[PDB]
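A.B. asks: Requesting a structural model of the entry that follows:
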Amino acid sequence: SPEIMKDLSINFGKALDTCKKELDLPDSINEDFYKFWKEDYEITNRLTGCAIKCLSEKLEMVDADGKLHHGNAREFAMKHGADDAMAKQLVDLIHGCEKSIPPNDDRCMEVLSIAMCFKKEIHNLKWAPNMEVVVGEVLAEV
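C.D. replies: Residues are numbered from 1 along each chain as shown. Please see the structure below:
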């Protein structure tokens, strides 16, 4: 029973814009980017990766509702559907990936490879939250 959108896409939008300006990303990519977190495509671009990071620091302009924060998605993921067991599994996975990749330090690369995994797996698991929670996840991670 959709028909909402009080102020979600807008926020994430202003945040993405600020980045594109600081990251210099042609809008063309802004669109293709959205697709990635919805299908199974891949932006495979160290740049689009830094973006995911930039957004994290933007958390202030992202969702000030008082839920999504560095190391806190459980609440932001619960409002959508990722309840306890879920949010826990979601975090236990996104993090599991971090525990999988070698002890690196390339946030852009580490955050990129995980995004592809965290989602892929969830897709074959059984269900799948909204691209929203998924984002607040990679972001809240760092």
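
A.B. asks: Where do the helices of this protein begin and end?
C.D. replies: 9-19, 27-36, 46-62, 74-78, 84-100, 107-125, 131-141 (DSSP state H).

A.B. asks: dump the residue contacts of the nearest residue to residue 73 once chain neighbours are set aside.
C.D. replies: Nearest in space to residue 73, with sequence neighbours left out and distances taken as CB to CB, 6 or more residues apart in numbering, is residue 140 at 4.3 Å. For every residue, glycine as well, the C-beta is placed using N, CA and C. Residues in contact with residue 140 (CB atoms under 8 Å, 6 or more residues apart in numbering) are 56, 59, 68-73, 76.

A.B. asks: Would you mind measuring from the nearest residue in space to residue 23 that is not next to it in sequence to residue 43?
C.D. replies: Nearest non-adjacent residue to residue 23, counting by CB to CB, 6+ apart: residue 51, 5.8 Å away. Using CB to CB, to the nearest Å, residue 51 is found at 9 Å from residue 43.

A.B. asks: residues shared between the contacts of the two?
C.D. replies: residue 33.

A.B. asks: Those two - which one has more neighbours?
C.D. replies: Neighbours were counted for residue 51 and for residue 43 using other CB atoms under 10 Å; residue 51 has more, 25 against 19.

A.B. asks: so the more buried one touches residue 19, yeah?
C.D. replies: Yes: here residue 51 lies in contact with residue 19, judged by CB atoms under 8 Å, at a distance of 5.5 Å.

A.B. asks: shared neighbours of those two, anything?
C.D. replies: residue 25.

A.B. asks: Just give me the neighbour total for the nearest residue to residue 130 once chain neighbours are set aside.
C.D. replies: Leaving aside its sequence neighbours, residue 130 sits nearest to residue 80 (CB to CB, 6+ apart; 5.1 Å). Using other CB under 10 Å, the number of residues around residue 80 comes to 16.

A.B. asks: OK, contacts around residue 80?
C.D. replies: With CB under 8 Å, 6+ apart, residue 80 has these contacts: 129-130, 132-133.
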